[PDB]
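A.B. asks: Dropping in structure-v2.pdb, with PDB, C-alpha atoms and all ligand atoms.
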```pdb
ATOM      1  CA  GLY A   1      -3.505 -11.668 -10.807  1.00  0.00           C
ATOM      2  CA  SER A   2      -4.969  -8.882  -8.684  1.00  0.00           C
ATOM      3  CA  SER A   3      -8.062  -8.997 -10.894  1.00  0.00           C
ATOM      4  CA  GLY A   4     -10.759 -10.481  -8.681  1.00  0.00           C
ATOM      5  CA  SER A   5     -13.315 -13.287  -8.760  1.00  0.00           C
ATOM      6  CA  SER A   6     -10.876 -15.603  -6.987  1.00  0.00           C
ATOM      7  CA  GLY A   7     -12.964 -18.631  -6.066  1.00  0.00           C
ATOM      8  CA  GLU A   8     -14.714 -21.574  -7.704  1.00  0.00           C
ATOM      9  CA  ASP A   9     -18.470 -21.984  -7.275  1.00  0.00           C
ATOM     10  CA  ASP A  10     -20.858 -24.906  -7.754  1.00  0.00           C
ATOM     11  CA  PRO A  11     -23.616 -24.726 -10.402  1.00  0.00           C
ATOM     12  CA  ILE A  12     -27.264 -25.658  -9.876  1.00  0.00           C
ATOM     13  CA  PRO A  13     -27.332 -28.713  -7.571  1.00  0.00           C
ATOM     14  CA  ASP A  14     -28.857 -32.054  -8.559  1.00  0.00           C
ATOM     15  CA  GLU A  15     -31.602 -31.765  -5.940  1.00  0.00           C
ATOM     16  CA  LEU A  16     -32.920 -29.106  -8.320  1.00  0.00           C
ATOM     17  CA  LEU A  17     -33.043 -31.494 -11.279  1.00  0.00           C
ATOM     18  CA  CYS A  18     -35.324 -34.237 -12.601  1.00  0.00           C
ATOM     19  CA  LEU A  19     -34.505 -37.948 -12.418  1.00  0.00           C
ATOM     20  CA  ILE A  20     -35.087 -38.460 -16.140  1.00  0.00           C
ATOM     21  CA  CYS A  21     -33.281 -36.057 -18.470  1.00  0.00           C
ATOM     22  CA  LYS A  22     -31.509 -34.178 -15.676  1.00  0.00           C
ATOM     23  CA  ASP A  23     -32.732 -30.803 -16.935  1.00  0.00           C
ATOM     24  CA  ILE A  24     -34.093 -27.785 -15.063  1.00  0.00           C
ATOM     25  CA  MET A  25     -37.792 -28.328 -14.371  1.00  0.00           C
ATOM     26  CA  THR A  26     -39.348 -25.084 -15.603  1.00  0.00           C
ATOM     27  CA  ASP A  27     -42.493 -26.270 -13.827  1.00  0.00           C
ATOM     28  CA  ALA A  28     -41.573 -28.560 -10.932  1.00  0.00           C
ATOM     29  CA  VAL A  29     -44.299 -31.184 -10.541  1.00  0.00           C
ATOM     30  CA  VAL A  30     -44.650 -33.526  -7.565  1.00  0.00           C
ATOM     31  CA  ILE A  31     -46.479 -36.779  -8.290  1.00  0.00           C
ATOM     32  CA  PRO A  32     -48.872 -38.061  -5.592  1.00  0.00           C
ATOM     33  CA  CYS A  33     -48.439 -41.770  -6.310  1.00  0.00           C
ATOM     34  CA  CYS A  34     -44.998 -41.508  -4.710  1.00  0.00           C
ATOM     35  CA  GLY A  35     -43.503 -38.048  -5.126  1.00  0.00           C
ATOM     36  CA  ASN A  36     -40.674 -36.990  -7.425  1.00  0.00           C
ATOM     37  CA  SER A  37     -39.356 -34.022  -9.406  1.00  0.00           C
ATOM     38  CA  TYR A  38     -39.910 -34.173 -13.165  1.00  0.00           C
ATOM     39  CA  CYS A  39     -40.087 -31.662 -16.017  1.00  0.00           C
ATOM     40  CA  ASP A  40     -43.615 -30.579 -16.941  1.00  0.00           C
ATOM     41  CA  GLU A  41     -43.016 -32.716 -20.031  1.00  0.00           C
ATOM     42  CA  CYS A  42     -40.711 -35.402 -18.636  1.00  0.00           C
ATOM     43  CA  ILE A  43     -43.530 -36.673 -16.421  1.00  0.00           C
ATOM     44  CA  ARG A  44     -46.006 -36.068 -19.242  1.00  0.00           C
ATOM     45  CA  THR A  45     -44.256 -38.225 -21.841  1.00  0.00           C
ATOM     46  CA  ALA A  46     -43.149 -40.859 -19.331  1.00  0.00           C
ATOM     47  CA  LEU A  47     -46.737 -41.879 -18.586  1.00  0.00           C
ATOM     48  CA  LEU A  48     -47.146 -42.173 -22.356  1.00  0.00           C
ATOM     49  CA  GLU A  49     -43.920 -44.062 -23.054  1.00  0.00           C
ATOM     50  CA  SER A  50     -45.175 -47.104 -21.146  1.00  0.00           C
ATOM     51  CA  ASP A  51     -48.162 -49.010 -22.530  1.00  0.00           C
ATOM     52  CA  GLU A  52     -50.342 -47.066 -20.094  1.00  0.00           C
ATOM     53  CA  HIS A  53     -50.069 -44.342 -17.451  1.00  0.00           C
ATOM     54  CA  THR A  54     -47.673 -46.272 -15.214  1.00  0.00           C
ATOM     55  CA  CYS A  55     -45.406 -44.057 -13.113  1.00  0.00           C
ATOM     56  CA  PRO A  56     -41.720 -44.980 -13.578  1.00  0.00           C
ATOM     57  CA  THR A  57     -40.698 -44.613  -9.934  1.00  0.00           C
ATOM     58  CA  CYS A  58     -43.617 -46.629  -8.563  1.00  0.00           C
ATOM     59  CA  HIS A  59     -45.692 -48.879 -10.822  1.00  0.00           C
ATOM     60  CA  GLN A  60     -48.978 -46.967 -10.718  1.00  0.00           C
ATOM     61  CA  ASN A  61     -52.260 -47.221 -12.625  1.00  0.00           C
ATOM     62  CA  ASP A  62     -53.628 -43.941 -13.979  1.00  0.00           C
ATOM     63  CA  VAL A  63     -51.669 -41.557 -11.752  1.00  0.00           C
ATOM     64  CA  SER A  64     -53.709 -38.374 -11.362  1.00  0.00           C
ATOM     65  CA  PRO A  65     -51.978 -36.210 -14.000  1.00  0.00           C
ATOM     66  CA  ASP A  66     -53.834 -33.129 -12.763  1.00  0.00           C
ATOM     67  CA  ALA A  67     -52.969 -33.679  -9.100  1.00  0.00           C
ATOM     68  CA  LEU A  68     -49.531 -32.345 -10.033  1.00  0.00           C
ATOM     69  CA  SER A  69     -48.689 -28.865  -8.753  1.00  0.00           C
ATOM     70  CA  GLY A  70     -49.634 -27.419 -12.128  1.00  0.00           C
ATOM     71  CA  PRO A  71     -52.735 -25.194 -12.272  1.00  0.00           C
ATOM     72  CA  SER A  72     -52.042 -24.697 -15.980  1.00  0.00           C
ATOM     73  CA  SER A  73     -53.824 -27.958 -16.793  1.00  0.00           C
ATOM     74  CA  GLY A  74     -50.673 -29.929 -16.039  1.00  0.00           C
TER
HETATM   75 ZN    ZN C 101     -36.392 -33.802 -17.281  1.00  0.00          ZN
HETATM   76 ZN    ZN C 102     -44.942 -42.929  -8.583  1.00  0.00          ZN
END
```
Would you mind writing the file's structure down as structure tokens?

C.D. replies:
Amino acid sequence: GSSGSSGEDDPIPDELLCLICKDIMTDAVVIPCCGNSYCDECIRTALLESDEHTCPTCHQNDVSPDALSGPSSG
């Protein structure tokens, strides 16, 4: 050996991932209804998926989509 870089490391932890597609959340958004990490889109589509805007984590009714920590209109 005698080359270097002797040691295994752990990649981005789960805590830094969404509970939907498990993909880096370019724009972490925390929902008020309950509070969870979801991709700017993940949370966007979700609300759509269901008949109406009903948060997946906690059955909500019209969860303030703007409330999210996204000043870019979402
Ligand atoms: Zn996602
Ligand atoms: Zn919720």

A.B. asks: Quick one, how far is CA of residue 44 (chain A) from CA of residue 12 (chain A)?

C.D. replies: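 Distance reported for this atom pair: 23.4 Å.
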
A.B. asks: Counting all atoms listed in the file, figure out which residue out of A:49, A:41, A:65, A:35 gets nearest to ligand ZN 102 (chain C).

C.D. replies: A:35

A.B. asks: I'd like the contact shell of residue 47 (chain A) - 9 Å cut-off, all atoms listed in the file, skipping same-chain residues fewer than 4 positions apart - returned as a list in words.

C.D. replies: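 After dropping sequence-adjacent residues, the list is residues 42, 43, 51, 52, 53, 54, 55, 56, 62, 63 and 65 of chain A.
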
A.B. asks: Using only C-alpha atoms, please write the residues we just selected to a file, as a CSV table (one decimal), keeping the file's coordinate frame.

C.D. replies:
```
chain,number,residue,atom,x,y,z
A,42,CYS,CA,-40.7,-35.4,-18.6
A,43,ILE,CA,-43.5,-36.7,-16.4
A,51,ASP,CA,-48.2,-49.0,-22.5
A,52,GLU,CA,-50.3,-47.1,-20.1
A,53,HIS,CA,-50.1,-44.3,-17.5
A,54,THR,CA,-47.7,-46.3,-15.2
A,55,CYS,CA,-45.4,-44.1,-13.1
A,56,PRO,CA,-41.7,-45.0,-13.6
A,62,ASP,CA,-53.6,-43.9,-14.0
A,63,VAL,CA,-51.7,-41.6,-11.8
A,65,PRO,CA,-52.0,-36.2,-14.0
```

A.B. asks: Report as a VMD selection string the residues that result from applying the PyMOL selection byres (((chain A and resi 69) around 6) and not hetatm) to the structure here.

C.D. replies: chain A and resid 29 68 70

A.B. asks: The PyMOL selection byres (((not hetatm)) within 6 of (chain C and resi 102)) - which residues does that actually catch in the file I just gave you? List them as a PyMOL selection string.

C.D. replies: chain A and resi 33-34+55+57-58

A.B. asks: Ligand ZN 101 (chain C): which residues are within 6 Å, counting all atoms listed in the file, as an NGL selection string?

C.D. replies: :A and (18 or 20-23 or 38-39 or 42)

A.B. asks: In Å to one decimal, how far is CA of residue 26 (chain A) from CA of residue 48 (chain A)?

C.D. replies: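 Between these atoms lies a distance of 20.0 Å.
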
A.B. asks: Could you check how far CA of residue 61 (chain A) sits from CA of residue 14 (chain A), in Å to one decimal?

C.D. replies: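 CA of residue 14 (chain A) lies 28.2 Å from CA of residue 61 (chain A).
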
A.B. asks: Which polymer residues have any atom within 12 Å of an atom of residue 71 (chain A), counting only C-alpha atoms, with same-chain residues fewer than 4 positions away left out, as a list in words?

C.D. replies: residues 27, 28, 29, 40, 65, 66 and 67 of chain A

A.B. asks: Tell me which protein, DNA and RNA residues are within 12 Å of residue 11 (chain A), counting only C-alpha atoms, leaving out same-chain ones fewer than 5 positions away, and put them as number ranges by chain.

C.D. replies: A: 16-17, 24

A.B. asks: Using the file's own x, y and z axes, so that the box edges lie along x, y and z, what centre and edge lengths in Å (one decimal) does a box around every listed atom of region 33-43 of chain A get when 3 Å is added on each side? Give it as AutoDock Vina command-line options.

C.D. replies:
```
--center_x -43.9 --center_y -36.2 --center_z -12.4 --size_x 15.1 --size_y 17.2 --size_z 21.3
```

A.B. asks: Using all atoms listed in the file, which of A:1, A:31, A:6, A:19 sits nearest residue 60 (chain A)?

C.D. replies: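 Ranked by minimum distance to residue 60 (chain A), first place goes to A:31.
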